[PDB]
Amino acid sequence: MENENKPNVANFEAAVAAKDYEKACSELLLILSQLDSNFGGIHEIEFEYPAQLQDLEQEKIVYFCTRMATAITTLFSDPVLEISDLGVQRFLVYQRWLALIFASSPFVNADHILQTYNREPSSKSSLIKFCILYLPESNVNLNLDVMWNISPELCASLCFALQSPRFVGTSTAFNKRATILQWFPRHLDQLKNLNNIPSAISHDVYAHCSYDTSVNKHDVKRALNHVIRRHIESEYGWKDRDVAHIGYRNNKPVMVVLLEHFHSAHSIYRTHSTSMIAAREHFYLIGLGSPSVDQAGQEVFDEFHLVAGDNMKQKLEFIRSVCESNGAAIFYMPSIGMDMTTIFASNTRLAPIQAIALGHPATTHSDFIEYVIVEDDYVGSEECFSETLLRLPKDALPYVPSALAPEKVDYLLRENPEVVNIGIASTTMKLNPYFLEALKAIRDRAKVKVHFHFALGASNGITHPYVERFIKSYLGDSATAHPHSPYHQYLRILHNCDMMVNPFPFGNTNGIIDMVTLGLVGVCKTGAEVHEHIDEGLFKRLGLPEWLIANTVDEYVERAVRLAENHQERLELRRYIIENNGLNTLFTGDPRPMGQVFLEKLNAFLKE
C-alpha cells in the first residue's frame, strides 16, 4: 500500500510480536537491504531512541544493533518460523549485515539462537535457519563435507556468505574464511551454474580472497571462473568471437577497454589513465563503462560508450557487439574484480589479445586472459600469476596527483616524545590477526610507550563498533580506532603521529603517498604477491631505506620497534624524506611502453 517498502525498526518489531512471520521476514529483509546500500549506515532506516543517545552516534548505533539482535532472536528461535528457499537466498546475501548486527551488539554472535535448534541434549528450515545465522563470529562447529552431501548448493551459498564480509580481522572470522579458501574451491568447481547460489556477492568472493595470508588464496577464483564460463554458455548462449581477423579505425588497430570504478577522483584513474592515453599513439581506444566515469575519465579514450543491458547477458552482448563491430584486437581491463561485468567478460573471448592491469592486485586465473600489465618494481614472484606478466619500466605508469593534495605543510618532528604515536592507514579488509598480533608485539617489545592511531576506511555505521572491539582486544588503551574521516581530518590524524605502519599481507599505495606527503617514515613488509611488493617498490621510488622494508613478520616487528625507540634516527630519516622526497617521480615518466608492447604482441600474432 504505502511506505510498504520503507525500512522501519518498529514495524519489524511489531511483526515479530504479532508472530506474522511473513511480514517479520520481509521487514527484516528491508532493513538488511538498506544496510547493504548504505555500506552499514543506519541512516535511511527509521527508528527512535532515548534522548540520551541523540549526540552519541556510536552508542546510537550499538542501540540499533541490540534492538535488531533481540528481535531477530525472538523470530528465529520460534520453531514455527519457516523460510522460503528464496528467503534463504536473500537472507544469506545479507548474512554479513546480520553478522555486523550481532557483532556490534553486546551479543557478539547468533549462537544463542543456534543452540535452540538442538533437539538432542530437525527440519530443512532448521538447517536453512542454522546456515542463515552461522555467522563469521560463530563458535559453533560445522563440518563442511557433511554439509556438502546434505546440500551442495546450500553449503556453497554459506561459503559465499562467509567470504562476503569486508572486515574479517577476528581470528574467529579469519579462520573460517581461510578454511573456506582451502576447502571450497574444489567443491565450487563441481557446480554447473550460478542459479541457486548467492550470485550477487560473487565479485566480493572473487576479490576478498586476496586479503588472506595463504599462498593459494586465489584458488577460489579459477573455480568461480569455470562456473561463470559454464553459466554464460548454458544460460546466456554465449558464443565467443572470431578473433582471427582484426579491424582498423583511423588506420590503427582497435583497443576496447572495459572500465571499473574509473572516476577521475580515484586511484584507478590516477594510476592507469596516463598509460591508456599514450596507447593511442598506436591504437584506437574505445572505452566501455558506467555513467560513474566522469568527463575526464571518458576523455582518456578516442570513443566512450555506456555498457548497455539490464542483465549480464545483454551487457556481455554489448561488449561483444562493439568488439565485433570494431574487430577489436586488444581487450583491456585496468581493474578486474570490483564489478562482476569485468569478471564475466574475463571468461569470454572478444579479441585476440586480452589483458588486465592490477587495479585489483590479483591474478584472474582465467584462460582467456594472456597478459598482465604491471610495473617491474612491484613484482615479487611471477609465479603468483596465471597470466604472463607484462612487466613495464618503473616510469611506465605515471600517476595523476589528486586535486585534494595539500599545497602547504607543517612538519612536526617531535624530539624524544614520551609516547610514540604510530599511524595505521588501513581499510577493514586489510585487517587480520597476523597484522594485529605483530602490532601487539611492537607495543610489548618496545622500550618506549607507543600508541597506534588507526585511520580506518569502510569502518562506518555498524561496522566500526565491531572493529573497535577487535583492535582493543589486542592493544586496548594503546590504540585508538578512528572511523572513516574526510581527507583533511584523515591527514590530521596522521599528522599527529611520529611514524606509521601498514598491514603486511596487503600493502598500501595511497597510504604511502600520504605518509610521504606529511614527511613521515614507516615500516612495511614485502612479499611475493604484487599487493605485498608495491610497498617495497614505492618505498624505493620515494627514497626509503631498505631497512624499513621487512621480509618476515619478525623483522617487521624488529624494525618498527627500532623506529619507535631511536628518536633521533627516526627524525634524521624524516628530515631526509622532507628534503628529498621523490613524490614528483611518481607523477613523471614515459607512459608509452604499454601501447608499444601491445602492438608488438599483436603484430607477431597477425603475422603468424
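In case it trips you up, residue 1 is the first one in the sequence shown, and so on.
Asker: Using the PDB record, quantify the missing residues of the deposited sequence between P121 and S122 as none, 1 to 3, 4 to 9, or 10 or more.
Answerer: Per the deposited record, the segment joining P121 and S122 lacks coordinates for 10 or more residues.
Asker: Comparing 190-198 with 420-428, where is the mean C-alpha B-factor higher?
Answerer: Going by the record's values, the stretch with the higher mean is 190-198.
Asker: If you take the mean CA temperature factor per stretch, which one wins between 45-53 and 572-580?
Answerer: The entry gives the higher C-alpha B-factor average to 572-580.
Asker: Among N460, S485, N311, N510, single out the one with the highest C-alpha B factor in the record, please.
Answerer: Max CA B-factor in the entry, restricted to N460, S485, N311, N510: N311.
Asker: Considering only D410, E437, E468, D78, which residue's Cα atom bears the greatest B-factor as recorded?
Answerer: In this record, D78 carries the highest C-alpha B-factor of the candidates.
Asker: Where does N551 sit by CA temperature factor within its chain: lowest, middle or highest third?
Answerer: Highest third, going by the recorded CA B-factors of the chain.
Asker: Going by the entry, which third of its chain does the Cα temperature factor of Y378 land in?
Answerer: Ranked within chain, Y378 CA B lands in the middle tercile.
Asker: Using only modelled residues of the chain, where does the Cα B factor of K447 rank: lowest third, middle third or highest third?
Answerer: According to the entry, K447 has a C-alpha B-factor in the chain's highest third.
Asker: With respect to C-alpha B-factor, does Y236 fall in the lowest, middle or highest third of the chain as deposited?
Answerer: For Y236, whose C-alpha B-factor we compare with every modelled residue in the chain, the answer is the highest third.
Asker: Sort the modelled residues of this chain by their C-alpha B factor and say whether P545 lands in the lowest, middle or highest third.
Answerer: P545: CA B-factor falls in the highest third of its chain.
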